[PDB]
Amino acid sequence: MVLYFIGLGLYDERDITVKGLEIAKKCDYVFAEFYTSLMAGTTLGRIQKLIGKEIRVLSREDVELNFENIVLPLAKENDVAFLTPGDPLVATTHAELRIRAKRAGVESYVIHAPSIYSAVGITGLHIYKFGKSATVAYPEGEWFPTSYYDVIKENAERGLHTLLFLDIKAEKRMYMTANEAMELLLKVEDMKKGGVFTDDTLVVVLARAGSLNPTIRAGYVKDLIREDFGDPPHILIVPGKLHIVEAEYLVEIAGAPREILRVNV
């Protein structure tokens, strides 16, 4: 009679909360989805071993089209868990699944976990200064999406930071790198000429948040565009005007050039 939406956290199998783990262990059936994002620091096998339960992974179609036929039926007479990377309901489509549960007469509860949306706090940038967020999508064919460029423009204009989620091919396990994202942004700039993203733009790269050894780097595009930030996943942030304390953290912790203390504050 109960469905639990449980977040797996940021990077590996230990990023689930104690609450999430204990609840998952007591569930009769455990499902999971790895299409909104992936858990790069672990494997389904390691997650299954930790939870001590077999996990049925669902595709995007299984969820969007058949959630009420695959998951909810079992939730009617059993305790069922639905695992998702990060924090449940951060992904935009997740929320509506609770409505489906309600329609099916199934109670649902949410067990939170760390999300990249909040983990960016480790960049030293003040959380309240982050504005609207966006996703940098790979262009393909004659389709060249550029809405994320306008998001940066509008946030930066108001002195706000922009969190950019990077594209991912869940099935093919292909992750867009911060390097690729920077190249794309320079390409959009060359097309729009808005003076929003150039070689002189200060950026912050956060790779493998959740890991004990994430890569946190800050610097100008001209210097970071070909830098190796390590294995995925990567997150790109375009800061707005910096508070001196934010800048000092970027210099001391993220190896940012001293120049940012006079140019971006």
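Numbers follow the displayed sequence, beginning with 1.
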| property | result |
| --- | --- |
| Mean temperature factor over C-alpha atoms, higher-scoring stretch between 189-197 and 113-121 | 189-197 |
| Mean Cα B-factor comparison, 68-76 or 180-188, giving the higher one as deposited | 68-76 |
| Residue with maximal Cα B-factor (values as given in the PDB entry) among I237, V221, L38, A218 | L38 |
| Candidate residues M174, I127, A81, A134, the one whose C-alpha B factor the record puts highest | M174 |
| Modelled-residue ranking by C-alpha temperature factor, third containing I55 | highest |
| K26, C-alpha B-factor rank within chain (lowest, middle or highest third) | highest |
| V2 by Cα B-factor - lowest, middle or highest third of the modelled chain | highest |
| Third of the chain, ranked by Cα B-factor, where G105 sits | highest |
| Lowest, middle or highest third - CA B-factor, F144 | highest |
